[PDB]
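Next up is one chain by itself, shown in structure tokens, the form deposited in one PDB entry.
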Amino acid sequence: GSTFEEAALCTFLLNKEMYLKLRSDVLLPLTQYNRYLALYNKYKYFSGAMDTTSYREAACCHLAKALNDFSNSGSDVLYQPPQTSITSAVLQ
């Protein structure tokens, strides 16, 4: 929801406390979290074959991917939203 979407655009320390709040915020709707993990791969390595390059949607996937890596690590990491681009915004 809002919490996750707005958090995906921030730079923050991803730790147990933060992982809990953001991961919970995307438990519902159900398929929500898995869709963002499916799109991370496209948005990161196969951006060329994408007829939708929403920056917010990209950020949500970058955060989802980060929560996932943390769920298999427990090691705190600095989360950073994906690089913005004014030339990318003017081109759709």
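The first residue of the sequence shown is number 1, and the count goes up from there. Residues that one form lacks are left out of the comparison. Think of the rigid core as the biggest set of C-alphas that the two forms share within 1.5 Å after superposition.
In the PDB record, does 41-49 or 63-71 carry the higher mean Cα temperature factor?
-> If you average the C-alpha B-factors of 41-49 and of 63-71, the larger mean comes out for 41-49.
Got a sec? Mean C-alpha B-factor, which is higher, 81-89 or 2-10?
-> Result of the comparison: 81-89.
If you look for the form deposited in another entry, you will not find it shown, but the lines that follow are about it.
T53 C-alpha shift between the shown form and the other one of 2 Å or more, rigid core reference = Indeed, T53 is displaced by 2 Å or more.
Rigid core superposition, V26 Cα moves 2 angstroms or more between the shown form and the other one = Shift at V26: 2 Å or more after core fit.
Might you say whether the CA atoms of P81 and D25 end up closer or farther apart in that other deposited form than in this form? Their distance differs by 3 Å or more.
-> Compared with the shown chain, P81-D25 is farther in that other deposited form.
Between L14 and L28, do the C-alpha atoms lie closer or farther in that other deposited form than in the shown form, with a difference of 3 angstroms or more?
-> Note: Cα gap between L14 and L28 shrinks in that other deposited form.
Taking the rigid core as reference, consecutive runs of 3 or more residues that move 2 angstroms or more in Cα between the shown form and the other one | Moving regions between the shown form and the other one: 25-30, 45-53, 84-92.
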